[PDB]
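The structure appears right after this line, and notes come after that.
Because the Cβ atoms are built from the backbone with ideal geometry, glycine has one as well, and the counts that use them run over all protein chains shown. No lab work stands behind these numbers, since they all come straight from the coordinates.
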Amino acid sequence: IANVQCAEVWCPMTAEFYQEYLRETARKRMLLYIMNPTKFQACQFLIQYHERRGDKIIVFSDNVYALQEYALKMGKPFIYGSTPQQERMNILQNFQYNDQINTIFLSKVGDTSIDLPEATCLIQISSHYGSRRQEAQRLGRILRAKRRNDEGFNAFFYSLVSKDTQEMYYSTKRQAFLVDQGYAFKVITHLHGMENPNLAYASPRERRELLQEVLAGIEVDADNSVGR
DNA sequence: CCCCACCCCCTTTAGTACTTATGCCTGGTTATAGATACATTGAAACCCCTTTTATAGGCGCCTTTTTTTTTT
């Protein structure tokens, strides 16, 4: 069946983002480790790497502010709570059947339930308190073998983690849980050859633009999307 | 170091008011089928042509004659 490589990708906090992360005490600070430009660049690189392989990729964001900043910047479709049934089905049908559209962004509305589509790669932008078990379930529902029976791994799960933030605490936990569940698991601190790609936020000024936008957000913007 | 108090959260479900689509029925004029106005080519139906020899009324129409009225 699907043979899944699980990885955490540890990304340093940009010093400007780390500065504010410390100073801010309300849940607003979650947005600084979520939008950290090193983490965005890692996500962007992984989408490029996998799209070159014609893999299908779902990127999960539990936070709507982040869902849009990522998807719109990377020019990928996104689905969340207010997305109409018609537009949602357009996007899912595109993901499933149109070879030009192989990456989509989905929020907490994905699990569960509408029918999560199948993919070969699942990237989680964030990690939080506290459901290790909902993560493995979603991984299981989404990931299908890329049709590479010879290969060691034919599907891929990545969880992006910001260093020096509360995100890391969730890591020793996730690693233990996933391996105990029978998964191959590793920690990636440096993505081989990100410097051969043209990724966003190469300049301090572009990072500062995003930083201003994050600082303008409120504690409400840093809550997970809730849905019943 | 231990106990008590305060702060922040997610749980999902029940209310009636408000908006959108479907069925409702309703006022023009347009598209159909056949007959009417009628007009078509077709045909049949119609009177018309050749005269005679006698009888004797009525018929209408002609130019010349006589009488009456008008004007000078």
Quiz item: Could you state the principal axis extents of the C-alpha atoms in the range A:52-158, from the largest down, to the nearest angstrom?
Solution: 41, 34, 25
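Using the number of other C-beta atoms within 10 angstrom as an exposure proxy, rank A:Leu139, A:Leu46, A:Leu191, A:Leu72 with the fewest first. Mind showing how you got there, number by number?
Working: A:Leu139 21, A:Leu46 24, A:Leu191 17, A:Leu72 11.
In increasing order of surrounding Cβ atoms, one gets A:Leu72, A:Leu191, A:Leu139, A:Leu46.
Take the Cα radius of gyration of chain A and divide it by 2.2 N^0.38 Å, with N its residue count; two decimals is plenty. Intermediate results must be reported in sequence, preceding the final value.
Working: Rg = 16.8 Å, N = 228, 2.2 N^0.38 = 17.3 Å.
Expressed relative to 2.2 N^0.38 Å, the Cα Rg reads 0.97.
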Exercise. Would you mind checking the radius of gyration and Dmax of the range A:97-150 based on alpha-carbon positions, in Å?
Key: 12.5, 37
Quiz item: Over the Cα atoms of the range A:37-82, what is the Rg over Rh ratio if Rh follows Kirkwood?
Solution: 0.96
Exercise. Within the range A:38-97, report the trypsin sites (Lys or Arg not before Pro) that DSSP leaves as loop and that have at most 10 other Cβ atoms within 10 Å.
Key: A:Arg52
Quiz item: Can you give the relative contact order of the range A:1-139 as a percent, counting alpha carbon pairs under 8 Å and 6+ residues apart?
Solution: 27
